[PDB]
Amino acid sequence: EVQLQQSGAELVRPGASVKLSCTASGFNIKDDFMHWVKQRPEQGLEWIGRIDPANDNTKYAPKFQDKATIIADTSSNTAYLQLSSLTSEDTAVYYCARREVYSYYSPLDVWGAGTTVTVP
């Protein structure tokens, strides 16, 4: 089947940076859009941004754009979520999802297991 393998949990000190990985299995990301969603203990989900591994174009949420950086390495079929200067507010679970662009319509079906990031 298709699968989105995510890296392990993280515990960083306020001010440090962090890189999260979302490796794809069963499909080449060069044909899917890699999105990133953040979820705090609250419950509500929040879109952070996406990227096009093919062209390298990105798309962030205005509130995240100045903190998150989504990178992609086709050579390794991996997408990254770089978070800078962490604060308590950054403590959450970060999932990675995909969307096939080469098709009429396709929702955000497959998702990664989500990697927890605790700062405090």
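Residue positions are given as counts along the sequence shown, with the first one as 1.
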item	value
Stretch exceeding the other in mean C-alpha B-factor - 44-52, 65-73	65-73
Mean C-alpha temperature factor, higher of 34-42 and 80-88	34-42
From 9, 96, 108, 12, residue of greatest CA B-factor	12
Third of chain Cα B-factors occupied by residue 117	lowest
